[PDB]
>>> print(open('data.txt').read())   # compact mmCIF, C-alpha atoms and all ligand atoms
# COMPACT_ATOMS: atom_id res chain seq x y z
CA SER A 1 85.09 68.09 87.14
CA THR A 2 84.09 70.54 89.87
CA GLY A 3 85.57 72.18 92.95
CA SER A 4 84.06 73.74 96.06
CA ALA A 5 85.96 75.68 98.74
CA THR A 6 84.92 77.71 101.73
CA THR A 7 85.95 81.35 101.84
CA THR A 8 86.34 83.06 105.23
CA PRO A 9 86.51 86.75 106.23
CA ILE A 10 89.96 87.74 107.48
CA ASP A 11 88.55 89.94 110.27
CA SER A 12 85.36 91.17 111.94
CA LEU A 13 84.75 93.78 109.23
CA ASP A 14 84.96 91.44 106.21
CA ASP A 15 87.93 93.47 104.93
CA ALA A 16 88.79 90.55 102.63
CA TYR A 17 88.16 86.83 102.27
CA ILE A 18 90.65 83.96 102.23
CA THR A 19 90.28 80.55 100.65
CA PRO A 20 92.62 77.60 101.20
CA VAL A 21 94.57 76.49 98.13
CA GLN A 22 96.79 73.43 97.79
CA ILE A 23 100.05 74.03 95.90
CA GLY A 24 102.69 71.48 95.04
CA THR A 25 103.51 67.89 95.98
CA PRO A 26 103.18 67.15 98.83
CA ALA A 27 100.52 69.84 99.15
CA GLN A 28 101.43 73.17 100.71
CA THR A 29 98.19 74.88 101.78
CA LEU A 30 98.16 78.68 101.52
CA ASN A 31 95.20 80.97 102.20
CA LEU A 32 94.70 83.12 99.12
CA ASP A 33 92.55 86.15 98.36
CA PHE A 34 90.44 85.17 95.33
CA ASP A 35 90.33 88.31 93.19
CA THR A 36 87.99 88.63 90.20
CA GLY A 37 89.61 92.02 89.52
CA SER A 38 93.10 90.70 88.67
CA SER A 39 94.69 87.79 86.85
CA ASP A 40 97.87 86.73 88.68
CA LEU A 41 98.14 83.83 91.12
CA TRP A 42 100.98 84.97 93.37
CA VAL A 43 102.21 83.79 96.74
CA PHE A 44 104.47 84.65 99.61
CA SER A 45 107.40 82.27 99.25
CA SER A 46 110.83 81.15 100.37
CA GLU A 47 112.08 83.78 97.89
CA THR A 48 110.25 86.69 99.52
CA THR A 49 112.54 89.31 101.11
CA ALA A 50 112.68 88.24 104.76
CA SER A 51 111.86 91.67 106.22
CA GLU A 52 108.68 91.70 104.10
CA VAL A 53 107.27 88.47 105.55
CA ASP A 54 105.34 88.84 108.82
CA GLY A 55 103.30 85.78 109.76
CA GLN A 56 102.26 84.59 106.30
CA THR A 57 102.52 80.98 105.25
CA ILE A 58 105.04 80.63 102.44
CA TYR A 59 105.32 78.42 99.38
CA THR A 60 108.70 76.69 99.15
CA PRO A 61 109.08 75.39 95.60
CA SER A 62 112.26 73.42 96.44
CA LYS A 63 110.08 71.18 98.65
CA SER A 64 107.61 70.43 95.85
CA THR A 65 108.49 67.54 93.55
CA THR A 66 106.19 68.92 90.85
CA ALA A 67 107.52 72.52 90.89
CA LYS A 68 109.43 73.70 87.84
CA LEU A 69 111.04 77.10 87.36
CA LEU A 70 109.49 78.85 84.38
CA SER A 71 112.79 79.96 82.93
CA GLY A 72 113.20 83.67 82.30
CA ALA A 73 109.71 84.57 83.49
CA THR A 74 109.09 87.50 85.82
CA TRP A 75 106.02 89.34 87.03
CA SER A 76 105.20 92.69 88.57
CA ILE A 77 101.80 94.02 89.52
CA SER A 78 100.34 97.18 90.98
CA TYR A 79 96.81 97.29 92.35
CA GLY A 80 94.31 100.14 92.50
CA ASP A 81 95.08 100.89 96.15
CA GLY A 82 98.77 101.43 95.41
CA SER A 83 99.90 98.06 96.73
CA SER A 84 102.29 95.97 94.66
CA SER A 85 104.33 92.80 94.40
CA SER A 86 106.79 91.17 91.99
CA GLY A 87 108.99 88.14 91.50
CA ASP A 88 109.66 85.07 89.37
CA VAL A 89 107.50 82.14 88.29
CA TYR A 90 107.12 78.40 88.81
CA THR A 91 104.64 75.97 87.35
CA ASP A 92 103.14 73.49 89.80
CA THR A 93 99.99 71.58 90.65
CA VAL A 94 97.28 73.74 92.23
CA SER A 95 94.04 72.47 93.72
CA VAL A 96 91.04 74.40 94.98
CA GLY A 97 88.27 72.55 96.79
CA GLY A 98 89.10 69.27 95.05
CA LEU A 99 89.60 70.72 91.54
CA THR A 100 93.18 70.24 90.30
CA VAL A 101 95.13 72.07 87.60
CA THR A 102 98.55 70.77 86.60
CA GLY A 103 101.12 73.21 85.19
CA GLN A 104 99.54 76.28 86.79
CA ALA A 105 101.73 79.38 86.86
CA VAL A 106 102.49 80.11 90.51
CA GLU A 107 104.08 83.54 90.76
CA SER A 108 106.60 83.60 93.60
CA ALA A 109 107.01 86.97 95.31
CA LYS A 110 110.49 88.35 95.78
CA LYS A 111 109.08 91.73 96.88
CA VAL A 112 105.74 92.81 98.34
CA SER A 113 104.52 96.24 99.45
CA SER A 114 103.98 97.05 103.11
CA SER A 115 100.21 96.57 102.93
CA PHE A 116 100.74 92.91 102.02
CA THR A 117 103.37 92.41 104.72
CA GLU A 118 100.98 93.90 107.28
CA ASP A 119 98.14 91.47 106.38
CA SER A 120 99.38 88.29 108.14
CA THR A 121 96.23 86.40 107.12
CA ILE A 122 96.67 86.70 103.33
CA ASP A 123 99.33 84.40 101.83
CA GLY A 124 98.81 85.65 98.27
CA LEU A 125 96.18 86.31 95.59
CA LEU A 126 94.43 84.04 93.11
CA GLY A 127 93.30 86.11 90.15
CA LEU A 128 90.01 85.33 88.42
CA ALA A 129 89.71 88.19 85.91
CA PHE A 130 90.58 87.53 82.25
CA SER A 131 94.03 86.18 81.41
CA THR A 132 94.73 89.19 79.16
CA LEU A 133 95.56 91.08 82.41
CA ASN A 134 98.16 88.56 83.59
CA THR A 135 101.49 90.32 84.17
CA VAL A 136 103.99 87.50 83.52
CA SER A 137 106.65 88.45 80.99
CA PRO A 138 107.77 87.57 78.38
CA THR A 139 105.09 84.85 78.10
CA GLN A 140 101.74 85.77 79.60
CA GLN A 141 100.16 83.03 81.74
CA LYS A 142 96.62 81.79 82.22
CA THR A 143 94.51 82.04 85.35
CA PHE A 144 93.50 79.01 87.39
CA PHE A 145 89.97 79.30 85.98
CA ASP A 146 91.10 79.51 82.37
CA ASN A 147 93.32 76.47 82.85
CA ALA A 148 90.50 74.52 84.52
CA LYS A 149 87.69 75.60 82.22
CA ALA A 150 87.75 72.88 79.58
CA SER A 151 87.69 70.19 82.29
CA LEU A 152 84.81 71.71 84.25
CA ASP A 153 81.29 70.30 83.98
CA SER A 154 80.19 73.85 83.03
CA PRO A 155 82.60 76.74 82.30
CA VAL A 156 81.59 78.80 85.35
CA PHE A 157 82.54 79.71 88.86
CA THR A 158 80.37 81.23 91.55
CA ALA A 159 81.02 83.58 94.45
CA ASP A 160 78.81 83.33 97.54
CA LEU A 161 80.45 85.66 100.05
CA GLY A 162 79.11 85.83 103.59
CA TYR A 163 78.34 88.83 105.75
CA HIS A 164 80.43 88.35 108.91
CA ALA A 165 80.37 84.63 108.07
CA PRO A 166 82.02 82.09 105.80
CA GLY A 167 80.86 81.56 102.23
CA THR A 168 81.73 79.51 99.17
CA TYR A 169 83.55 79.56 95.85
CA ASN A 170 82.35 76.83 93.46
CA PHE A 171 83.92 75.85 90.16
CA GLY A 172 82.10 74.07 87.37
CA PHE A 173 78.54 74.01 88.70
CA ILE A 174 75.74 76.20 89.99
CA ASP A 175 74.42 75.20 93.43
CA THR A 176 70.69 75.75 93.02
CA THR A 177 70.19 75.48 96.80
CA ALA A 178 72.44 78.49 97.47
CA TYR A 179 70.12 81.27 96.28
CA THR A 180 66.47 82.31 96.30
CA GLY A 181 64.36 83.12 93.26
CA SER A 182 66.05 83.15 89.87
CA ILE A 183 69.48 84.18 88.61
CA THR A 184 69.39 87.22 86.32
CA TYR A 185 72.13 87.25 83.72
CA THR A 186 73.62 90.39 82.25
CA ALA A 187 76.15 91.18 79.49
CA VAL A 188 79.88 91.43 80.14
CA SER A 189 82.53 93.41 78.28
CA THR A 190 86.01 91.87 78.47
CA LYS A 191 87.63 94.82 76.68
CA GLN A 192 89.47 96.00 79.82
CA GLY A 193 90.10 92.44 81.06
CA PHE A 194 87.51 92.68 83.86
CA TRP A 195 84.09 91.21 84.55
CA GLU A 196 82.63 94.52 83.43
CA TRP A 197 78.87 94.98 83.28
CA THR A 198 76.20 97.69 83.44
CA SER A 199 73.84 97.98 86.38
CA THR A 200 70.40 99.35 85.54
CA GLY A 201 70.15 101.71 88.50
CA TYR A 202 69.80 102.10 92.24
CA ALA A 203 67.62 102.97 95.23
CA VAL A 204 68.46 104.26 98.69
CA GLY A 205 66.54 102.68 101.55
CA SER A 206 62.82 102.55 100.81
CA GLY A 207 63.19 105.27 98.18
CA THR A 208 62.18 105.10 94.55
CA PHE A 209 64.40 103.27 92.09
CA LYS A 210 66.43 105.49 89.78
CA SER A 211 66.87 103.96 86.32
CA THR A 212 70.36 104.85 85.18
CA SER A 213 73.18 102.89 83.57
CA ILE A 214 76.18 102.32 85.82
CA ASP A 215 79.13 100.58 84.17
CA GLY A 216 81.40 98.81 86.62
CA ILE A 217 83.30 95.65 87.51
CA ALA A 218 82.43 92.69 89.71
CA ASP A 219 85.51 92.56 91.93
CA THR A 220 85.79 90.11 94.82
CA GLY A 221 89.24 91.50 95.62
CA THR A 222 87.98 94.99 96.48
CA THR A 223 86.33 95.46 99.86
CA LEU A 224 83.92 98.33 99.23
CA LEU A 225 81.34 99.52 96.73
CA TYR A 226 82.72 102.40 94.61
CA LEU A 227 80.10 104.30 92.60
CA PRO A 228 79.70 107.69 90.90
CA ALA A 229 79.78 110.71 93.17
CA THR A 230 76.16 111.58 92.42
CA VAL A 231 74.94 108.15 93.58
CA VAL A 232 77.15 108.12 96.67
CA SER A 233 76.05 111.63 97.69
CA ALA A 234 72.40 110.56 97.37
CA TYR A 235 73.09 107.59 99.67
CA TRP A 236 74.93 109.46 102.43
CA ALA A 237 72.45 112.35 102.37
CA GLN A 238 70.05 109.90 104.04
CA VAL A 239 72.38 109.44 107.03
CA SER A 240 72.30 112.24 109.61
CA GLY A 241 75.76 113.59 110.24
CA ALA A 242 77.45 111.76 107.38
CA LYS A 243 80.10 113.71 105.48
CA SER A 244 82.97 113.23 103.08
CA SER A 245 86.24 113.64 104.93
CA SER A 246 89.32 114.44 102.89
CA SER A 247 91.54 113.70 105.91
CA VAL A 248 90.06 110.24 106.46
CA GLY A 249 89.75 109.55 102.72
CA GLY A 250 86.04 109.09 102.16
CA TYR A 251 82.57 109.25 103.63
CA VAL A 252 82.28 108.78 107.37
CA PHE A 253 79.18 108.70 109.53
CA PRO A 254 78.26 108.70 113.22
CA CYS A 255 78.66 105.23 114.66
CA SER A 256 75.27 105.79 116.38
CA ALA A 257 73.49 105.83 112.99
CA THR A 258 71.21 103.19 111.57
CA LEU A 259 72.23 102.90 107.90
CA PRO A 260 69.69 102.57 105.08
CA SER A 261 69.88 99.73 102.59
CA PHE A 262 71.19 100.24 99.06
CA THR A 263 69.60 98.52 96.07
CA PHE A 264 71.28 97.99 92.70
CA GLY A 265 69.69 96.83 89.47
CA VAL A 266 70.62 93.80 87.42
CA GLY A 267 68.40 94.02 84.37
CA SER A 268 64.84 94.11 85.75
CA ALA A 269 65.99 92.41 88.98
CA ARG A 270 67.11 94.08 92.21
CA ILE A 271 69.80 93.17 94.74
CA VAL A 272 69.36 94.73 98.18
CA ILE A 273 72.43 95.45 100.30
CA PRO A 274 71.30 95.71 103.95
CA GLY A 275 72.41 98.83 105.81
CA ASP A 276 74.59 96.84 108.20
CA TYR A 277 76.76 95.67 105.28
CA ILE A 278 77.77 99.31 104.68
CA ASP A 279 79.25 99.80 108.19
CA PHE A 280 83.05 99.45 108.30
CA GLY A 281 83.39 100.50 111.90
CA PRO A 282 85.38 103.16 113.75
CA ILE A 283 87.90 105.05 111.64
CA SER A 284 90.44 104.47 114.44
CA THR A 285 90.13 102.45 117.63
CA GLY A 286 87.68 104.07 120.05
CA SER A 287 86.38 106.66 117.57
CA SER A 288 82.67 107.42 117.24
CA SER A 289 83.21 108.22 113.55
CA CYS A 290 82.65 105.16 111.34
CA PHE A 291 83.86 104.47 107.82
CA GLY A 292 81.32 104.00 105.06
CA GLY A 293 81.10 100.98 102.80
CA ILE A 294 79.86 102.95 99.79
CA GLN A 295 82.45 105.41 98.49
CA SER A 296 82.97 107.58 95.41
CA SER A 297 84.74 106.14 92.39
CA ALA A 298 85.62 109.65 91.18
CA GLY A 299 89.37 109.26 91.77
CA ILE A 300 89.56 105.68 90.45
CA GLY A 301 88.40 105.87 86.85
CA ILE A 302 86.03 102.90 87.14
CA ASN A 303 83.07 101.86 89.28
CA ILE A 304 83.68 98.78 91.41
CA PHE A 305 81.07 96.37 92.71
CA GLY A 306 83.29 95.04 95.47
CA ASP A 307 82.52 92.76 98.38
CA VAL A 308 79.94 95.10 99.95
CA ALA A 309 77.76 94.55 96.87
CA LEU A 310 78.72 91.02 95.93
CA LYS A 311 78.15 89.57 99.41
CA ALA A 312 74.45 90.53 99.11
CA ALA A 313 74.15 88.16 96.12
CA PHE A 314 74.91 84.75 94.70
CA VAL A 315 77.11 85.67 91.75
CA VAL A 316 77.78 83.56 88.65
CA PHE A 317 80.90 84.25 86.62
CA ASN A 318 79.99 82.58 83.34
CA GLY A 319 83.11 81.91 81.26
CA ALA A 320 81.32 80.62 78.19
CA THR A 321 82.58 81.73 74.76
CA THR A 322 80.61 84.93 75.33
CA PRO A 323 81.00 85.57 79.05
CA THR A 324 78.13 86.83 81.19
CA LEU A 325 77.45 87.58 84.86
CA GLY A 326 74.52 86.29 86.88
CA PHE A 327 73.10 87.66 90.14
CA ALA A 328 70.53 86.15 92.49
CA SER A 329 69.29 87.16 95.92
CA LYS A 330 70.03 84.70 98.72
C1 LIG B 401 96.87 94.67 100.52
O1 LIG B 401 95.93 93.64 100.17
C2 LIG B 401 95.32 93.72 98.95
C3 LIG B 401 95.46 94.78 98.07
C4 LIG B 401 94.85 94.71 96.82
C5 LIG B 401 94.10 93.61 96.45
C6 LIG B 401 93.49 93.53 95.08
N1 LIG B 401 92.32 94.44 94.92
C7 LIG B 401 93.96 92.56 97.35
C8 LIG B 401 94.57 92.60 98.59
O2 LIG B 401 94.49 91.55 99.45
>>> encode(input="data.txt", output="structure tokens", more="lines below")
Ligand SMILES: COc1ccc(CN)cc1O
Amino acid sequence: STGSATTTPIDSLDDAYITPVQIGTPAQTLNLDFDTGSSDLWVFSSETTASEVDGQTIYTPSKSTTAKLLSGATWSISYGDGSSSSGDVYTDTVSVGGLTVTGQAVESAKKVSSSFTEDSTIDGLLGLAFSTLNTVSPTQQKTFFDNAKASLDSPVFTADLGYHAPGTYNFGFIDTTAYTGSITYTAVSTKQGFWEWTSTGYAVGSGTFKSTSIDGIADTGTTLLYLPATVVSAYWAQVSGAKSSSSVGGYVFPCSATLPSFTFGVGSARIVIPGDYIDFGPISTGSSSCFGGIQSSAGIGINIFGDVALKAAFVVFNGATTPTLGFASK
């Protein structure tokens, strides 16, 4: 089997991407944030505290003839930005782009943090990291991908995120028309439950490539590119007037600037992030100070190749017995 679904930016800055997902019978379609940095499929629901729902579409398990309470199961998750959610668990039928999993754990939110409430466009998350990170207790549950894997034509999914445009998540096949050149594959460590890999270095603009190992995670659920302070300082030093602002919470730059590209290595291959991809717009409405898309990972404890990086590539998440990651230009 295979599946193919379009993923769409939630706003003009590509702050996140949503993908329609069918849950239950008859189908209830919710727009979920596919997140290769976490492993819970959770949704706003009829159980979510009313004051914490503001415009989201909810899953109502009582209206699904295939929903079953997973007795005694609860979940609770915190994300790297300090946001959180928790609740109980149903199993139900879940389909993405024509690919169907029966008995998928659908984690129903009873509580969500304010950041989730405030994002009316995101109805929940669909985790695509390794199932060892799944938070359901006392019986850990599998991701949608893990459940689907044995049925797929090939045990892979691909992320093809657009810049200010829709893109695609495919399951079970590699669309050879979706990228240019070849796909370069690189080793993955699953020891922390992430799609963790080591970039071979970087360049700023038309500058020389610096060969240096940068361990980080491929994370579709994180907006920006978080890299070591040395690398980030070298990038922003090429932008007149750019500075790290403790009050704003990262590097900012004059909105009048033309940003240089940023290149990262994948083995002997190179992925080029155009300068425009690194512009996240005014820090507040009407400001001439703009927020940067490349930020320091110093306070995070891990480097994160988020959407800023991934959207510059066609990315293969290879879930073979020994997982790997592939990157192509596009
Ligand atoms: C508040 O919204 C989010 C917070 C965290 C993640 C996961 N990195 C995804 C989101 O949509």
>>> residues_near_ligand(input="data.txt", ligand="ligand LIG 401 (chain B)", cutoff="12 Å", atoms="all atoms listed in the file", output="PyMOL selection string")
chain A and resi 9-10+14-19+31-43+77-85+112-129+217-224+304-307
>>> residues_around(input="data.txt", residues="range 175-183 of chain A", least_positions_apart="3", cutoff="6 Å", atoms="all atoms listed in the file", output="VMD selection string")
chain A and resid 326 to 330
>>> closest_residue(input="data.txt", among="A:146, A:254, A:111, A:69", to="residue 51 in chain A", atoms="all atoms listed in the file")
A:111
>>> residues_around(input="data.txt", residues="residue 323 in chain A", least_positions_apart="3", cutoff="9 Å", atoms="all atoms listed in the file", output="number ranges by chain")
A: 187-190, 195, 317-320
>>> residues_around(input="data.txt", residues="residue 239 in chain A", least_positions_apart="2", cutoff="8 Å", atoms="all atoms listed in the file", output="list in words")
residues 235, 236, 237, 241, 242, 253, 257, 258, 259 and 260 of chain A
>>> write_last_selection(input="data.txt", atoms="C-alpha atoms", output="PDB file, keeping the file's coordinate frame")
ATOM      1  CA  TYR A 235      73.090 107.590  99.670  1.00  0.00           C
ATOM      2  CA  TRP A 236      74.930 109.460 102.430  1.00  0.00           C
ATOM      3  CA  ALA A 237      72.450 112.350 102.370  1.00  0.00           C
ATOM      4  CA  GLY A 241      75.760 113.590 110.240  1.00  0.00           C
ATOM      5  CA  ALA A 242      77.450 111.760 107.380  1.00  0.00           C
ATOM      6  CA  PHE A 253      79.180 108.700 109.530  1.00  0.00           C
ATOM      7  CA  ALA A 257      73.490 105.830 112.990  1.00  0.00           C
ATOM      8  CA  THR A 258      71.210 103.190 111.570  1.00  0.00           C
ATOM      9  CA  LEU A 259      72.230 102.900 107.900  1.00  0.00           C
ATOM     10  CA  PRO A 260      69.690 102.570 105.080  1.00  0.00           C
TER      11      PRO A 260
END
>>> atom_distance(input="data.txt", atom1="CA of residue 95 in chain A", atom2="CA of residue 142 in chain A")
15.0 Å
>>> residues_around(input="data.txt", residues="residue 66 in chain A", least_positions_apart="6", cutoff="10 Å", atoms="only C-alpha atoms", output="short mmCIF file (atom, residue, chain, number, x, y, z; two decimals) with C-alpha atoms, in the frame of the given file")
data_model
loop_
_atom_site.label_atom_id
_atom_site.label_comp_id
_atom_site.auth_asym_id
_atom_site.auth_seq_id
_atom_site.Cartn_x
_atom_site.Cartn_y
_atom_site.Cartn_z
CA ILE A 23 100.05 74.03 95.90
CA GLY A 24 102.69 71.48 95.04
CA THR A 25 103.51 67.89 95.98
CA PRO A 26 103.18 67.15 98.83
CA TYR A 90 107.12 78.40 88.81
CA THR A 91 104.64 75.97 87.35
CA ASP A 92 103.14 73.49 89.80
CA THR A 93 99.99 71.58 90.65
CA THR A 102 98.55 70.77 86.60
CA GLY A 103 101.12 73.21 85.19
#
>>> closest_residue(input="data.txt", among="A:60, A:1, A:137, A:12", to="residue 100 in chain A", atoms="all atoms listed in the file")
A:1
>>> closest_residue(input="data.txt", among="A:99, A:210, A:106, A:134", to="residue 70 in chain A", atoms="all atoms listed in the file")
A:106
>>> atom_distance(input="data.txt", atom1="CA of residue 163 in chain A", atom2="CA of residue 143 in chain A")
26.9 Å
>>> closest_residue(input="data.txt", among="A:138, A:301, A:250, A:97", to="residue 74 in chain A", atoms="all atoms listed in the file")
A:138
>>> atom_distance(input="data.txt", atom1="CA of residue 264 in chain A", atom2="CA of residue 247 in chain A")
28.8 Å
>>> closest_residue(input="data.txt", among="A:192, A:4, A:76, A:295", to="residue 140 in chain A", atoms="all atoms listed in the file")
A:76
>>> residues_around(input="data.txt", residues="residue 2 in chain A", least_positions_apart="6", cutoff="8 Å", atoms="all atoms listed in the file", output="CSV table (one decimal) with C-alpha atoms, in the frame of the given file")
chain,number,residue,atom,x,y,z
A,98,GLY,CA,89.1,69.3,95.0
A,99,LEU,CA,89.6,70.7,91.5
A,152,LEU,CA,84.8,71.7,84.2
A,153,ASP,CA,81.3,70.3,84.0
A,170,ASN,CA,82.4,76.8,93.5
A,171,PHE,CA,83.9,75.8,90.2
A,172,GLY,CA,82.1,74.1,87.4
A,173,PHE,CA,78.5,74.0,88.7
>>> closest_residue(input="data.txt", among="A:261, A:324, A:6, A:57", to="residue 277 in chain A", atoms="all atoms listed in the file")
A:261
>>> axis_aligned_box(input="data.txt", around="range 144-163 of chain A", padding_each_side="3 Å", output="JSON")
{"center_x": 85.9, "center_y": 79.5, "center_z": 92.7, "size_x": 21.2, "size_y": 24.6, "size_z": 32.2}
>>> decode(input="data.txt", residues="range 229-257 of chain A", atoms="N, CA and C atoms", output="mmCIF file, in the first residue's frame")
data_model
loop_
_atom_site.group_PDB
_atom_site.id
_atom_site.type_symbol
_atom_site.label_atom_id
_atom_site.label_comp_id
_atom_site.auth_asym_id
_atom_site.auth_seq_id
_atom_site.Cartn_x
_atom_site.Cartn_y
_atom_site.Cartn_z
ATOM 1 N N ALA A 229 26.164 27.642 18.432
ATOM 2 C CA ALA A 229 26.339 29.083 18.487
ATOM 3 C C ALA A 229 27.423 29.587 17.555
ATOM 4 N N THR A 230 28.483 28.799 17.379
ATOM 5 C CA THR A 230 29.573 29.195 16.492
ATOM 6 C C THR A 230 29.073 29.343 15.051
ATOM 7 N N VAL A 231 28.285 28.373 14.602
ATOM 8 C CA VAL A 231 27.771 28.343 13.235
ATOM 9 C C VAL A 231 26.794 29.498 13.027
ATOM 10 N N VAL A 232 25.910 29.681 13.996
ATOM 11 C CA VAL A 232 24.886 30.718 13.894
ATOM 12 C C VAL A 232 25.516 32.127 13.903
ATOM 13 N N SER A 233 26.548 32.321 14.721
ATOM 14 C CA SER A 233 27.250 33.594 14.748
ATOM 15 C C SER A 233 27.910 33.861 13.393
ATOM 16 N N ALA A 234 28.511 32.836 12.795
ATOM 17 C CA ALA A 234 29.138 32.997 11.486
ATOM 18 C C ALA A 234 28.109 33.389 10.419
ATOM 19 N N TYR A 235 26.906 32.824 10.498
ATOM 20 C CA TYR A 235 25.842 33.198 9.569
ATOM 21 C C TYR A 235 25.441 34.674 9.738
ATOM 22 N N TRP A 236 25.060 35.065 10.946
ATOM 23 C CA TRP A 236 24.494 36.399 11.143
ATOM 24 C C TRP A 236 25.526 37.513 11.026
ATOM 25 N N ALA A 237 26.806 37.174 11.191
ATOM 26 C CA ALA A 237 27.878 38.134 10.948
ATOM 27 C C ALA A 237 27.903 38.637 9.509
ATOM 28 N N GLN A 238 27.263 37.902 8.597
ATOM 29 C CA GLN A 238 27.195 38.319 7.201
ATOM 30 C C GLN A 238 25.986 39.185 6.883
ATOM 31 N N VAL A 239 25.214 39.537 7.905
ATOM 32 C CA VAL A 239 24.023 40.367 7.739
ATOM 33 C C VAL A 239 24.226 41.667 8.525
ATOM 34 N N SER A 240 24.381 42.779 7.813
ATOM 35 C CA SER A 240 24.578 44.077 8.450
ATOM 36 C C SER A 240 23.452 44.380 9.414
ATOM 37 N N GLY A 241 23.814 44.718 10.644
ATOM 38 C CA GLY A 241 22.840 45.103 11.640
ATOM 39 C C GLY A 241 22.210 43.957 12.403
ATOM 40 N N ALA A 242 22.528 42.716 12.051
ATOM 41 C CA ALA A 242 21.958 41.591 12.778
ATOM 42 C C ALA A 242 22.590 41.467 14.162
ATOM 43 N N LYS A 243 21.798 41.038 15.134
ATOM 44 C CA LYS A 243 22.273 40.915 16.504
ATOM 45 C C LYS A 243 21.431 39.892 17.236
ATOM 46 N N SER A 244 22.000 39.287 18.268
ATOM 47 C CA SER A 244 21.213 38.457 19.159
ATOM 48 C C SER A 244 20.577 39.338 20.216
ATOM 49 N N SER A 245 19.261 39.228 20.320
ATOM 50 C CA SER A 245 18.477 39.982 21.269
ATOM 51 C C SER A 245 17.941 39.079 22.375
ATOM 52 N N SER A 246 18.398 39.303 23.597
ATOM 53 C CA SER A 246 17.888 38.521 24.712
ATOM 54 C C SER A 246 16.409 38.837 24.972
ATOM 55 N N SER A 247 15.996 40.077 24.734
ATOM 56 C CA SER A 247 14.604 40.450 24.985
ATOM 57 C C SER A 247 13.649 39.805 23.980
ATOM 58 N N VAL A 248 14.074 39.704 22.729
ATOM 59 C CA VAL A 248 13.235 39.086 21.713
ATOM 60 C C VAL A 248 13.346 37.565 21.792
ATOM 61 N N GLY A 249 14.535 37.063 22.124
ATOM 62 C CA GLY A 249 14.743 35.632 22.285
ATOM 63 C C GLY A 249 15.474 34.970 21.132
ATOM 64 N N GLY A 250 16.306 35.731 20.439
ATOM 65 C CA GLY A 250 17.140 35.178 19.396
ATOM 66 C C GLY A 250 17.703 36.260 18.505
ATOM 67 N N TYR A 251 18.311 35.824 17.414
ATOM 68 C CA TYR A 251 18.829 36.727 16.398
ATOM 69 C C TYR A 251 17.715 37.416 15.632
ATOM 70 N N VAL A 252 17.880 38.728 15.500
ATOM 71 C CA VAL A 252 17.011 39.588 14.722
ATOM 72 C C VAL A 252 17.873 40.333 13.724
ATOM 73 N N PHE A 253 17.243 40.863 12.686
ATOM 74 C CA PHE A 253 17.990 41.550 11.641
ATOM 75 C C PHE A 253 17.099 42.617 11.011
ATOM 76 N N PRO A 254 17.712 43.623 10.371
ATOM 77 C CA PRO A 254 16.892 44.671 9.761
ATOM 78 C C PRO A 254 16.039 44.103 8.640
ATOM 79 N N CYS A 255 14.764 44.451 8.633
ATOM 80 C CA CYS A 255 13.882 43.908 7.616
ATOM 81 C C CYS A 255 14.292 44.360 6.204
ATOM 82 N N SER A 256 15.112 45.410 6.113
ATOM 83 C CA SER A 256 15.643 45.880 4.832
ATOM 84 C C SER A 256 16.788 45.016 4.264
ATOM 85 N N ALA A 257 17.266 44.043 5.030
ATOM 86 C CA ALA A 257 18.389 43.218 4.597
ATOM 87 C C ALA A 257 18.012 42.235 3.505
#
